[PDB]
Amino acid sequence: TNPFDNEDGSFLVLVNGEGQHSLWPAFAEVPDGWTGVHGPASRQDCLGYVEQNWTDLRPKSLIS
Amino acid sequence: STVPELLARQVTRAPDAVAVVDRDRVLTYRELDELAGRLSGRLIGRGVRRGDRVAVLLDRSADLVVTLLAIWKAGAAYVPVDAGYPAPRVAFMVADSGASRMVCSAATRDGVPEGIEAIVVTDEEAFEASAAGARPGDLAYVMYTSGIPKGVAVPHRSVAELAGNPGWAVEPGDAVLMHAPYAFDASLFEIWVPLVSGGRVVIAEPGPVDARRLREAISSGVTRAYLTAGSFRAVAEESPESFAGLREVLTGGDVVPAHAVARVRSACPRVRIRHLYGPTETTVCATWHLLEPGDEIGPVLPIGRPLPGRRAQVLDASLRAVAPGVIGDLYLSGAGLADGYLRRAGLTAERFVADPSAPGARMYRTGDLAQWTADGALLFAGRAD
């Protein structure tokens, strides 16, 4: 099963310098340039954090 | 960069070159620029501001190309709507996309939803020509892909990387046939690639392009044409000689069997055959496979190698890179990524994920399976589902 689609998987939410959010399987090392900000949690819980906390898809560089 | 910036170089270099040919209408590069400037002036005068979305409901025509460029000059992003969509689908796309104004023609005027400002492209207005100018981080278009259609928000930077890619190899003498719906991103090759290259866009006569219309288009000077996989397969098996005289035929989307390509090569030895692969989320195509004139396709048609400026990874369920000959999950990175899905941050964050090979970068999870060949091509291995 692809790790990003596993509804029973454990996931992180990551954020980069542009404010973009990413789901991430908790078993995998977080890539450079990304910071974990939520989890480990369920896939739906992680999606909820993103929906709540990512309010503008626009890159933070674009805004300023 | 932006396509308008790239387009501006061709207007400066060869202003009297042909840019767009419609049935009895021929627009030069300079004429196209001036028309787009006037319509842009109208948009600015109506209160259009940077980042606004403007829907477009037009049949393919010279007026269409002008409209897309005008929206870009006003700093806005166009939301392309096919005039043949049912009204509820049109209403949904306009509402989901956040478009407050919609450019139409007399013929399409009745398709503008109630409560949405209709802007009739052939109407004059008093506003002077004016352009705010496109910027690479600003949005360029929102194209919908499906259960329910979702809007893929693509920035100018990604459109220009695709349109200006040196691999297209489109030159000023080229003439590209335009018949794909502008609601689909194959239209980015048919419209913007030739215009950033100095060539001309040839608007196909109304109705589907069949083998006969293709032969006729070639006789009139068309040198490159994209067909959907279904259309390519039909013409290849029934009338493969109809591609004769093209410099390059392109195809992609649905599956294309190697047998279809071999039939074309046998009938048309000098035609370049290009297979395109990629989702709307990565602007038209992320990988491609080119069959040079005289060369014979193997038993399998690859999806090919990443375009210049792009990268692909094939990872296993642990996110580890696989060796050649191993089927894994295909991820696309580098140039051409969309910003994400409008109004859908969760979906963006699950499809557009952190890229372990590029600091701070994203990769798009295609949902397809692939394997590498020993020499760095990709073979499709089906959807993960």
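Going by the PDB entry, chain B carries the name Non-ribosomal peptide synthetase and comes from Actinoplanes teichomyceticus.

Where the PDB entry is consulted, chain A appears under the name MbtH-like short polypeptide, with the organism given as Actinoplanes teichomyceticus.

Enquirer: Quick one: what's the story with the overall build of chain A, residue by residue and with numbers?
Expert: A count of helices and strands for chain A gives two helices and three strands. For chain A, the sequential pattern of α-helices and β-strands runs β-β-β-α-α. Projected onto its principal axes, the C-alpha positions of chain A cover 40 × 25 × 20 Å. Buried positions account for 42% of the 64 residues belonging to chain A.

Enquirer: Give a description of the side chain of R101 of chain B that names residues and reports values.
Expert: Residues and elements named next belong to chain B. In this structure, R101 sits in strand β5 (residues 99-104). A distance of 3.4 Å separates the side chain of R101 from the backbone oxygen of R46, its partner in a polar contact. What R101 contacts, discounting residues up to four positions off in sequence, is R46, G47, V48, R53, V54, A55, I116, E117 and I119.

Enquirer: Outline unusual backbone geometry, listing residues and values.
Expert: Between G39 of chain A and the following residue, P40 of chain A, the backbone shows a cis peptide bond with an omega angle of 5°. As for its placement among the helices and strands, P40 of chain A is situated in strand β3 (residues 35-41). In the Ramachandran plot, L319 of chain B falls in the positive-phi region, its phi being about 70° despite a non-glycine side chain. If you trace the backbone, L319 of chain B turns up in the loop between β16 (310-315) and β17 (328-334).

Enquirer: Which residues make up helix α4 (residues 87-97) of chain B, and what values do they have?
Expert: Among the residues of α4 of chain B, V90, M93, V94, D96 and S97 of chain B are the ones counted as buried. Next to the buried residues of α4 of chain B lie β3 (53-57), β4 (77-81), β5, β7 (139-145) and β8 (150-155) of chain B.

Enquirer: I'd like a description of the nonpolar core, backed by residues and values.
Expert: Residues and elements named next belong to chain B. Among the nonpolar cores identified, the biggest contains 69 residues, and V20, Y78, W168, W192 and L195 are the most heavily contacted of them. Broken down by element, this core gets its largest block of residues, nine residues, from helix α3 (residues 62-73). Each of domain 1 (3-8 + 27-158) and domain 2 (310-383) accounts for three or more of the residues forming this core. Setting aside anything within four residues of it in sequence, one finds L195 in contact with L7, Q10, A19, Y29, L32, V65 and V201. In terms of nonpolar packing, the next biggest core, distinct from the first, is built from 29 residues, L214, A229, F232 and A260 among them.

Enquirer: Quick one: what's the story with the packing of α3 of chain B against helix α6 (residues 187-197) of chain B, residue by residue and with numbers?
Expert: Residue and element names in this part refer to chain B. One way to put it is that α3 packs onto α6 with a least axis distance of 11 Å and a crossing angle of 70°. When the interaxial angle is binned, α3 and α6 end up roughly perpendicular. Within the contact between the two elements, α3 uses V65, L68, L69 and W72 and α6 uses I191, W192 and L195. For the contact of α3 with α6, the per-class residue count stands at seven nonpolar, no polar and no charged.

Enquirer: Help me get a handle on the sheet that holds β3 of chain A, residues and values and all.
Expert: Residues and elements named next belong to chain A. If you walk across this open sheet you meet the three strands as β2-β1-β3, and the pairing is antiparallel. Across the chains shown, the open sheet's two edge strands, defined by having one partner strand only, are β2 (21-25) and β3. When the angles between neighbouring strand axes are averaged without regard to direction, this sheet yields 25°. Direction of pairing for strand β1 (residues 11-15) relative to β3: antiparallel, over a ladder of four bridges. Each bridged residue has a counterpart across the sheet, and for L14 the counterpart in β3 is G36. Strand contacts of helix α1 (residues 43-53): β1, β2 and β3, with the helix running at about 140° to β3, the strand carrying the most contacts.

Parameters at a glance
- Residues numbered from 1 in each chain as written, not as in the entry; some residues may be left out.
- Chains lettered and ligands numbered in written order.
- Heavy atoms only, no water.
- Helix = DSSP H or I, 4+ residues; strand = E, 2+ residues; numbered from the N terminus.
- Buried < 20%, exposed > 50% of the residue type's maximum accessible area, 1.4 Å probe, protein only.
- Polar contact = N/O pair within 3.5 Å; in protein donor to acceptor, adjacent residues only side chain to side chain.
- Contact = heavy atoms within 4.5 Å.
- Core = buried A, V, L, I, M, F, W, Y, C linked by side-chain atoms within 4.5 Å.
- Domains from an automatic or database assignment.
- Axes fitted to C-alpha atoms, helices over the stretch in contact; angles between N-to-C directions.
- Parallel < 35°, antiparallel > 145°, perpendicular 65-115°, else oblique.
- Nonpolar A, V, L, I, M, F, W, Y, C, P; charged D, E, K, R; others polar.
- Pairing = 2+ DSSP bridges.

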